[PDB]
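This document contains two forms of one protein chain, each encoded as structure tokens and listed individually as structure 1 and structure 2.
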Structure 1
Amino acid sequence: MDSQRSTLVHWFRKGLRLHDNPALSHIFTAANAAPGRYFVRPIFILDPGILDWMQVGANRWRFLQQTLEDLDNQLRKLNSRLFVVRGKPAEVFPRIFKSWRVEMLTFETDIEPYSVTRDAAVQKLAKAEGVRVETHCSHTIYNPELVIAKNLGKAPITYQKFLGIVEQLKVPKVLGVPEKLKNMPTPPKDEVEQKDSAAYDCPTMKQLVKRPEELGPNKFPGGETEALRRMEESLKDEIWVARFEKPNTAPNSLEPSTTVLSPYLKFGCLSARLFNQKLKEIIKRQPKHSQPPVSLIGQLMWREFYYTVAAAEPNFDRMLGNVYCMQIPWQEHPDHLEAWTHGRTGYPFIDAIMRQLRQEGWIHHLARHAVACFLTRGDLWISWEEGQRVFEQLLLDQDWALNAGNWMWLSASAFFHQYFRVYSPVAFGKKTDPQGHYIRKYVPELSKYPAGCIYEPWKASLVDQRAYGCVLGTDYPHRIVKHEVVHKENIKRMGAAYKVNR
């Protein structure tokens, strides 16, 4: 096979998987249809210039490193490989369109504003250069543009309305893995590979993680292979799956009470469409089962809902200019923001959650509720954008639409408006962890406190605090605010802001 004329490119960004990947599958099918004509290059473009951006924490870089290694491993089973191309797309694509004689480029669509801008520019260049582009909406179960169209041009702004719309939509088909490449030699080295054969090899941990001191325990390895193993593990207890009720899962069990598939769904290591289809099979054969919103399918529909409102608002992650967002006069509080950011608020439940987040990169949904309420309307009266920023740095599952949507909910800025309901930083965790095992783990300086005061260590006398080895103001901070006072003030501030907006 000396005969090749062109290269077929799949561009990974999200969609970091072989299964249920129509953009990738179509490349491999086209290659096999015309033996001898094509080379195939599945690529991921890594801009070294952002390895130092503090908004990507080490834990999330490590998850990507592991994911790319797995993706490359899996593509090798198809007689292909991953090509990790270092550079910026604005410079990479002109070069490789010419160098590789690219005939077709496929990718999975992404709704985030810079991605839309970037992809429109790649698409314009491709059209000019005669490159056929095919894009697929496989990151979400439904295409937000069809949802918005079915709703007469507006995104549904309640969960029940959204369910009412998507009930009327066809469910896109879930694909298997692509065909193994037949009769295809490896691509000839381009000018970059000619100088360094390894130029497109998967990055090492050292190449990707510039701040290894931020790494915590490796609890959730990256990659499709782990994503599928973890999904199958969650699905094997079919009664647990069928009867799942999200509000009844604990925020502070030591091991996660929910699936922790969110890092996998965020990177596309797991297809949400596959997972939806598997859940539907379970629900159909388990006559006793939960329903949306609280069921596991309901959780995937939460993700769908936020992707659809976000698709219609480029400013979804900001207060100003955001069609959904109440304008609320959040205050600047640098010292309180720093304390919340580092889990030094003096409320042990809140601090344990922020410390788990920083160390491990995942915290349960209702743990996110507790700390987000505390930062914003509940206690510190700081903008939800500041909380979004910190979550963006530390979460493995950092997701532009899901982070912004849930921060607006928790701050009573959109989608949720019952701001008289406020989480108690002392009482909320006790329902599910009365001994405080979660605090003893993540705030180890309090680990000797009796369970009767570990949520509220200021209730222990100085002599008791000394006996427990941890004196407030010396070994663990005093409360930075007093919840019982400030949350009442903030309920009045929320009332005022709601009036101004009305």
Structure 2
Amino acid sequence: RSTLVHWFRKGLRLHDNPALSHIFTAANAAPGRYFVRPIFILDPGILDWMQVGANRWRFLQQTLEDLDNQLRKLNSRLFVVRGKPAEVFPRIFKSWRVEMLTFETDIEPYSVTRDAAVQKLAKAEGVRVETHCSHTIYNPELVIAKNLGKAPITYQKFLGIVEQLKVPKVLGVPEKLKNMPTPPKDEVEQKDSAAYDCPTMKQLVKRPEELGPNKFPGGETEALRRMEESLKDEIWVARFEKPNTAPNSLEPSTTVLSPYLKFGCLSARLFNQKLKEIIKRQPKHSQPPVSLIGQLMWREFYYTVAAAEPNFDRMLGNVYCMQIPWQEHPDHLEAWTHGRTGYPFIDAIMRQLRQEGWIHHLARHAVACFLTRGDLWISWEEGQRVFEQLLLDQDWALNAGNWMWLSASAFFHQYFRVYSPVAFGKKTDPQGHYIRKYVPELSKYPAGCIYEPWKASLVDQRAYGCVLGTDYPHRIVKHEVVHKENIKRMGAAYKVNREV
């Protein structure tokens, strides 16, 4: 008796999972011949390549637990194997007598490298590998091919290409396993009945004092519930315009499906279908790029450019990226990182990020503009790294793609348009309710100066119980001065990149 193995990495769902469904149908179409091991490998190597904050660890813990629970309802279970794939797979290929290995493809460089080696090993041991592109709606390889070898670098061109592509068929959940016994304990399982159990919170989250509120629980089950909840107002869905949603509403102004789509607890292809059904029902609706389908296409767009550039997350050796002289300033980077810049709007956002792990799209605009071309002149690679740690929806391609945009390094080139850290939030939150929440030490400043507390006289600062320089920092820079200087810096950079 040989085993069929589905390998989870992303695609942490049961629904719309061709690679997992295939394993399950195979076992039921040939009962008595196959054991079924759906695994997730706790890979220590990813930590040398990416940073993970406490809140995102918790999300994953919650995801794996839900995935295990959902697998049990199909007479299976999640096997969480600790260890490196390069050492894990030779062992289990033998100990398990693995006939077939399936998994969802991924375009990230670490994934590509790791997957190539696993496929070299699988080819040696005579293991059949079947891969599926289901993490995105479109296959970046096919998009690039259709565009004659190059990723479209504008959204409109990208849209014109995928319009001509076949939308894939969205699968349901696999059928339950018919008459399958529990796989026999292997070398590891016999010395430890729990060697493959889902990790506890204690095991994954080493810094639990950094956990913020539990608002967006992980797992395919919460993902589908949140999707259904977001689709209940079909008018809000059909008339969604992303630029008109607020960054600083106390309640999220968008769906906050990003963490779910990032881990694949929600199939983007299912989400897209559910959106097409509402658009069809609602004749007055928005169109890309501002619509919600448009939002999913921004995801697809950035996955496609990133599939073409292994260096997508850095400035050097990145085909798309303007080379800019970003300066090193540790102290300003620390202040930004910890929301101690002295600009209440920026600080409020960066504290919401660190506490909760999600901030609105245009709040990320604000704080990223400030770090890079706006104000501090600090490389976008540094904002990407802080974002990588803190974001529940951390996504190699989406994080890099949007930082290059916000920094006018690629895709976006109108660097003369600069967000004001004082003015930008006022449009949607003139009372500063968002600042009061996330910068509580300013909670007693009236609207007139809560965005600019340095316009309050010292006497009033003592009356509101927050003296700048003691209870809340002074501005680490003066926006009105640095942003003008930075525009000239950006113009010089653009000139140099144009002549090379």
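Superpose the two forms; the largest set of C-alphas matching within 1.5 Å is the rigid core. Residue positions are counted from 1 along structure 1's sequence. Shifts are known only where both forms have a C-alpha.
Peer 1: Hey, after the core superposition between the two structures, which of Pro48, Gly469, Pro434, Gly473 has the C-alpha moving 2 angstroms or more?
Peer 2: C-alpha shift of at least 2 Å: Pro48.
Peer 1: Quick one: how many Å does the C-alpha of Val371 shift between the two structures once the rigid core is superposed?
Peer 2: So the C-alpha of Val371 has moved 0.1 Å between the two structures.
Peer 1: Could you point out the stretches of 3 or more consecutive residues whose C-alpha atoms all move by 2 Å or more between the two structures when the rigid core is superposed?
Peer 2: Once the cores are aligned, run 47-54 is the only one whose C-alphas move by at least 2 Å.
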